[PDB]
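Order of the sequence lines fixes the chain letters, A, B, ..., with proteins taken first and strands second; residue numbering starts at 1 for each chain. Computed from heavy atoms alone, side chains included, the values below leave out hydrogens, waters and symmetry copies.
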Amino acid sequence: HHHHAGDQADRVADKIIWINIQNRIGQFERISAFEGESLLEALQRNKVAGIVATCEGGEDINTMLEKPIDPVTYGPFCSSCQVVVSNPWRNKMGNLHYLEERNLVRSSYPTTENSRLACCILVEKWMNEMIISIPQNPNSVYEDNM
Amino acid sequence: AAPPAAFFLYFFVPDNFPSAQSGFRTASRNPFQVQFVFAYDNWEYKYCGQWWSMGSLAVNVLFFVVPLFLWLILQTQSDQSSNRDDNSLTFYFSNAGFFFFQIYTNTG
Amino acid sequence: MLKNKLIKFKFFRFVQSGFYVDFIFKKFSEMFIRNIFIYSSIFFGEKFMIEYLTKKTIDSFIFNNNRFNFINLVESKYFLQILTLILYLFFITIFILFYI
Amino acid sequence: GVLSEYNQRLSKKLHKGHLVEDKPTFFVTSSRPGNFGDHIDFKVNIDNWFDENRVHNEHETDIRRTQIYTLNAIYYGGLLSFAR
Amino acid sequence: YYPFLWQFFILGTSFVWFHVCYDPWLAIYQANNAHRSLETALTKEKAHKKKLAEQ
Amino acid sequence: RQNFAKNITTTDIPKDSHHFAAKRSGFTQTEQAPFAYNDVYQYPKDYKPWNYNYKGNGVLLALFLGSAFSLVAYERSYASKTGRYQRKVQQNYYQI
Amino acid sequence: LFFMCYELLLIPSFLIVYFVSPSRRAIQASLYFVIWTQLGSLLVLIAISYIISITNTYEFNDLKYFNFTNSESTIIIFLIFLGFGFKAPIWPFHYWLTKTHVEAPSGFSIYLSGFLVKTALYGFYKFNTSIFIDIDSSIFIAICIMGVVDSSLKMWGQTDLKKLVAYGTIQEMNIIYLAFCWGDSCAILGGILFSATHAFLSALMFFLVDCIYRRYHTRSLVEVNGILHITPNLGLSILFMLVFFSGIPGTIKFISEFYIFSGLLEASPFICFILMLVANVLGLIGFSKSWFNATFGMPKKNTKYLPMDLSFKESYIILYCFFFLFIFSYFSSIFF
Amino acid sequence: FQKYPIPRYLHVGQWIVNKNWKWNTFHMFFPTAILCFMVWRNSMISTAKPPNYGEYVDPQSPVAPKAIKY
Amino acid sequence: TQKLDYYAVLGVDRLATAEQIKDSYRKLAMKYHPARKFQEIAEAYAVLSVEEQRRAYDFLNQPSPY
Amino acid sequence: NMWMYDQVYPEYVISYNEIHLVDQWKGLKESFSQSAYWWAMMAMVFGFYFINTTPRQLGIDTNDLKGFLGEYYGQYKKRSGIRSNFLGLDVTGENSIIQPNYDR
Amino acid sequence: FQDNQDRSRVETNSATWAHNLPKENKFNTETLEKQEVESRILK
Ligand SMILES: COC1=C(OC)C(=O)C(C/C=C(\C)CC/C=C(/C)CC/C=C(\C)CC/C=C(/C)CC/C=C(\C)CC/C=C(\C)CC/C=C(\C)CC/C=C(\C)CC/C=C(/C)CCC=C(C)C)=C(C)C1=O
Ligand SMILES: CCCCCCCCCCCCCCCCCC(=O)OC[C@H](COP(=O)([O-])OCC[N+](C)(C)C)OC(=O)CCCCCCCCCCCCCCCCC
Ligand code: FES
């Protein structure tokens, strides 16, 4: 940030990153997120259906959200946070990490070339008014029902 | 060159107790210096067989074959020791298992 | 002798530089330092002979073996595995019995 | 490295192990004499080794000439050792 | 560009060929038969003669 | 973080109060309230920060007594080693 | 009980690295430490089970009345050498040691270099001395010398000071491990003395690295230099440590070098010269460059955050290390 | 070089003059001389010297060099 | 020489009209006309100007996104 | 570590004042080309002194032949390093890495 | 050696019986071409 003594606080409305969502039932949703956060955290705080998130984002030390990805990271753990990103934003995202691609292509449900794991996305300024679709994600284990 | 924007930084375990010696005054770090600090640890090879020709092929081969050279030189000098009846390269057994300065006493 | 190339500045600076012996010796020492020390020692030794050949060989073997593994069992694979186990355990045992 | 060279040479597309053209190919010399007409309908070349066997080093050819001399010299040196 | 210097180069290549094919085989051959030497035989003979003399 | 108490009971902290006087009067409508304590540390005026300010004799006395005990113990050990009650002193000693 | 006490040392070490280290990279370093040290312990366990099953006894004395054949002796010596060289780091197995020193807390690093690795020298010695082995020790000697050469050749290209100290530890540990490759001969005296020498030298060097890290919040040559001219006591300690590591003839480092090098020169002249040149010149030059550059220069960057000099605790610890080296140069000659 | 200020907290040795240097010189010099005298007095016990002018070493005297009886 | 990407050199996407290529070449030519970069620009524009040549170049590439 | 790092005036670990010579090979060429002059001057000096001088009678003191030279030949006359062990241990001086060679 | 540029595995096999010319990947997200849609609309 950048502030001077005596200045007033900025508005949360001006700092909101907007995410546009097509549901599993074909309906449209609008979600508020913030920079420095993962897409999974915003989606779960806003209670968006269609994501299972069995592993709840992965480990806590060497994560996929750090801007340079650490070599000895383990990557995503469940591949159950998939979303489909529209063309401009997905093109700006870039090529997939090899571990993320391995987890994406190994899922039990069909995927696409625009598929992307939500917990592997760090929300940025240029993601404002980004369009995504969330078809329902697969279940994995017995405890998913609990 | 522009200063780096993304690079590996220092990291600490959760709930780490900070070091507070000499008044606990920490300065901002230099991106180039931190980049150099963490570059070598994270450096890796790109393709199979890249190491052999990386730098000097002859020098790398010589470094690779160093242990064999040492073994061969030791073998030659063992040949020299054998005919001169010098100390050979063997595990000498002359104390019959008695240790260097060991207390050997009995009870009763 | 009416001309003398030894009174010109080229020869003068050659002699003043100590016959360029220091410059020649330092250039070869730089080549030794760079090549041997940096490349051979740290990169070759640590990265290939120590890091790679001890850890990354096993790591890459495991990764490449897992390249051919289905993480989720399917029914046809299960039945095929059972049948293959039966038939080819029998084959290997009878082959050892007969020709070995 | 040798492994990399083998890796690139492993992916070449061949017809039963031989690098040959998959279609009839005709070439004309644009500066040929006027009494030479069009190319006759005869498949004279099965391969395209005139274009495939290239390293594209026309900016440094004496280097390759020197390398060929060096290989010849090594072979001659072995033969001359035996003759000696 | 100097053909006789190139001939000297060829002679050097032949020298390297000969020494590469000569040195290691001779080294291992001599290292393999160190205990089968006249010096070892004479050492054993002298030791036995000393023992028999001071017997 | 440190959690020890600073108002010790063994002795009173050497300090002076003439330095850093408080205002206590003549305040305006915009300035801040004055501070409360203002006391500062006072050094013994014979203290040298660049050396040990040690004026005791205990270390020297202990080392001297240890060395003297070493000497007398060696004398006793040498007398016992020669099979004598005390050292037999020769009438002439020469360079080793 | 010997083997059990050797095995008991792993859990506290792993717990200290796991729960006390502040660096985040120490989580994987502890796993590396565990996996290499346990592979070595597994090799030692195989050898111990061999000895126990063949000779149904648990006393070192009873081994005097039982003979092992050539095959069993070769298997046992190879197993114990490799297993104890996993912990006392031989050439091909020091990745765990490098990572663990780089990521571990300073106090445990002092304990690991100073004392823990020595536990491998002791046990090996015992199992080396209780058995009659009829093999040529050239392979083990070559492995140890390769360790020394490889470690000392890598000192120039180190900017982290802690990694440099770890490589010095590796080279002198391999030098000590070389001395036990001739059985119960007189070569063990130099190794026994040089174990204590390395203990104190490594403790001093890691303590100096800890002082630098706590003062300047870094241990990289590209970030800190001119340790002299600001906090001069630390720079003086660094220079005196460099002298003692170089091995002035007044200390026990020189004595240990003299012992081992006299024996090696008689056993192998060209090998002795090669090892001496590689260890005491090239590695010394790299070590000295990396340490001199940090001591000298101008500390211009952050004057608002520059630290104070050594405390009494650090000064007395450094002085005691120096005093122990100098005064243990005067121990009784009945031993050694 | 022109003099520049040195921080008071630093125990460094730029441009330092001790006003009591005469007594300190005395009290560092004389005990040093006494210690060196004691060291020299101890060391003269183990000091050797060739025979003086006009003197010869009797080969059969006890001080003469000796061999070993096996 | 080395392998070169003509679209990256001209600063245009693959699905760009011919007139866009001409405009990009003119914009890049005003700058570097008075060495190596201008040669790369000229080679890329020469290949991509002809529809048949551009089609043949595109067929062999099989481009990847991003 | 190819640079002497410093917060003021960092430097390269090796200085090259004679940089007008680009590399070591041209440096060697230049050094030999310019040292040919010194070779010629030395040759002229030696030619002068060889034309205008007679060799001297230099050697050891002829009155000390039983001294330095006598001991050297006496060492080979008395092959003392290959005598039998004084304890009778069936070893000689030849059974060592550092051994006498009296027929060298 | 582990090559991170090679991301193929048994999960990504995309060989189908119907298609004599194999498809680029196993995502059946291929759209129609512009001229085909126009021709069919004209029909
Ligand atoms: C002027 O230096 C030089 C330096 O500075 C000392 C240098 O830094 C360098 C730069 C060097 C480097 C960068 C690294 C290279 C490493 C080296 C070790 C090169 C060092 C080179 C030298 C020290 C120069 C020496 C070489 C020559 C050619 C000197 C030439 C001397 C003469 C011509 C004297 C003339 C001798 C004559 C005429 C002998 C003829 C004999 C008779 C008349 C009969 C009488 C003699 C006898 C009976 C006995 C002698 C017989 C023989 C066969 C011996 C003769 C052999 C000789 C070599 C004289 C160079 C090139 C150099 O160049
Ligand atoms: C057989 C004899 C062979 C002789 C071979 C030639 C030998 C020449 C003398 C020895 C070598 C001297 C090299 C130059 C050293 C000084 C360089 C320098 O800085 O110069 C600047 C000095 C001081 O000048 P300056 O430095 O103030 O500036 C002058 C301007 N510059 C820099 C351009 C030179 O000047 C000189 O040295 C003057 C030139 C000296 C010329 C000597 C000629 C000698 C002729 C032969 C005599 C032979 C007698 C008989 C011998 C018999 C026994 C052998
Ligand atoms: S929530 Fe498990 S992979 Fe993203």
Side-chain angles (χ1 to χ4, degrees), chain A residues 71, chain B residues 1 8 32-47 49-67, chain C residues 25-54 56, chain D residues 1, chain G residues 91 94-95 98-99 102 146-168 170-171 219-223 225 277-294, chain J residues 1-6 10-16 23-24:
Chain B
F8 297 105
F32 283 115
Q33 297 175 350
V34 185
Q35 199 195 31
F36 179 87
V37 161
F38 292 104
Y40 178 85
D41 186 74
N42 299 293
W43 191 91
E44 293 179 353
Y45 283 113
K46 299 289 94 176
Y47 57 93
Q50 185 188 8
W51 49 85
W52 288 111
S53 51
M54 183 177 176
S56 286
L57 166 69
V59 178
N60 287 349
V61 161
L62 284 186
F63 198 104
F64 184 78
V65 298
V66 165
Chain C
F25 276 27
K26 285 197 279 192
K27 279 286 190 202
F28 282 105
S29 66
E30 183 178 1
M31 182 179 72
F32 177 91
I33 289 183
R34 266 189 189 285
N35 271 339
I36 307 287
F37 280 163
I38 301 292
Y39 284 123
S40 279
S41 296
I42 69 182
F43 285 102
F44 204 68
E46 271 304 299
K47 297 283 164 186
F48 171 54
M49 312 184 68
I50 294 297
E51 197 199 39
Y52 181 80
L53 282 172
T54 286
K56 287 187 182 296
Chain G
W91 160 55
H94 58 251
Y95 180 87
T98 289
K99 303 292 255 204
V102 168
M146 182 54 197
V148 179
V149 168
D150 186 74
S151 54
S152 61
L153 270 183
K154 277 161 193 175
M155 293 180 183
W156 179 276
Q158 304 295 323
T159 305
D160 197 351
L161 297 176
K162 212 169 187 185
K163 222 168 151 182
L164 185 67
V165 177
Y167 275 116
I170 292 173
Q171 73 151 33
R219 50 170 199 245
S220 199
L221 178 53
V222 300
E223 303 203 88
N225 64 6
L277 160 75
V278 173
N280 299 307
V281 183
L282 305 172
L284 198 43
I285 286 169
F287 208 84
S288 302
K289 198 264 168 203
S290 187
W291 277 105
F292 281 147
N293 189 179
Chain J
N1 274 349
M2 298 292 305
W3 293 77
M4 285 293 176
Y5 308 106
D6 199 351
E11 287 198 9
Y12 202 63
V13 72
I14 300 180
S15 305
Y16 290 112
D23 66 271
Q24 65 253 50

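- Applying ring pair (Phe, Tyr, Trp, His ring centres under 6.0 Å) to C:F48 and the options B:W51, B:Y45, B:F63 leaves one that passes, B:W51.
- Within the 4.5 Å cutoff, the side chain of G:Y167 has heavy atoms near those of the G:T98 side chain.
- Separation of atoms CD1 (J:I14) and CE (J:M2) is listed at 6.0 Å; rounding is to 0.5 Å.
- With sequence neighbours excluded, the residues that form a salt bridge (charged side-chain N to carboxylate O under 4.0 Å, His left out) with G:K99 are B:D41.
- In this structure, the ring of G:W156 has its center no less than 6.0 angstrom from the ring center of G:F287.
- The backbone N or O of G:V149 sits less than 3.5 Å from a side-chain atom of G:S152, completing a donor-acceptor pair.
- Inter-residue side-chain proximity for G:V165 and G:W291 is flagged as met; some heavy-atom pair is nearer than 4.5 Å.
- Taking 4.5 Å as the limit, every side-chain heavy atom of G:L284 sits out of range of all side-chain heavy atoms of G:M155.
- The side-chain hydrogen bond (donor to acceptor under 3.5 Å, both in side chains) search around B:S56 returns C:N35, not counting sequence neighbours.
- Contacts of C:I50 classified as side chain to side chain contact (heavy atoms under 4.5 Å, CB included), with partners at least two apart in sequence or in another chain: C:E46, G:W91, G:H94, G:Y95, G:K154.
- Once rounded to the nearest 0.5 Å, the distance linking CD of B:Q33 with OG1 of G:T159 reads 11.5 Å.
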Item checked: Steps toward side-chain contact (heavy atoms from CB on, under 4.5 Å) verdict (J:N1, G:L221) -> CA-CA 9 Å; J:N1 274 349; G:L221 178 53; 3.6 Å; yes

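- For the atom pair C:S41 OG and C:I33 CD1, the distance stands at 11.5 Å (nearest 0.5 Å).
- Minimum interatomic distance between G:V148 and G:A279 (heavy atoms only, all atoms of both residues): CG1-CB, 4.2 Å.
- Taking the salt bridge (charged side-chain N to carboxylate O under 4.0 Å, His left out) definition, one finds that B:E44 meets it with C:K56, sequence neighbours left out.
- Ring geometry, J:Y5 versus B:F36: the interplanar angle falls from 30° to 60°, so the pair is classed tilted.
- For CZ of B:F38, the number of neighbouring non-hydrogen atoms (other residues, nucleotides, ligands) closer than 6.0 Å is greater than 12.
- Applying the salt bridge (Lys or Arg N to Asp or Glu O under 4.0 Å) test to every pair with at least one member in residues 155-168 of chain G, sequence neighbours left out, gives these pairs: G:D160-G:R219.
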Checklist line | side-chain contact (heavy atoms from CB on, under 4.5 Å) evaluation trace for B:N42 with B:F8 | finding: CA-CA 9 Å; B:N42 299 293; B:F8 297 105; 3.3 Å; yes

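- A heavy-atom distance below 4.5 Å is found between the side chains of J:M4 and G:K289.
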Notebook entry, point to check: How far apart are the C-alpha atoms of C:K47 and B:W43, what are their side-chain angles, what is the distance that settles it, and do they pass the side-chain contact (heavy atoms from CB on, under 4.5 Å) test?
Noted result: CA-CA 9 Å; C:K47 297 283 164 186; B:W43 191 91; 3.8 Å; yes

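- One distance of note links OG of G:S220 with CG of G:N225; it measures 11.0 Å at 0.5 Å rounding.
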Note to self: Does B:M54 form a side-chain contact (heavy atoms from CB on, under 4.5 Å) with C:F44? I'd like the steps, not just the answer.
What the structure shows: CA-CA 8 Å; B:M54 183 177 176; C:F44 204 68; over 6 Å; no

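- Contact of the C:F37 side chain with the G:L282 side chain is registered, since non-hydrogen atoms from C-beta on lie closer than 4.5 Å.
- Within the cation-pi definition used here (under 6.0 Å to the ring centroid, within 45° of the axis), C:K27 qualifies as a partner of J:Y16.
- Every residue meeting the side-chain hydrogen bond (donor to acceptor under 3.5 Å, both in side chains) condition with C:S40, not counting sequence neighbours, appears here in chain and number order: B:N60.
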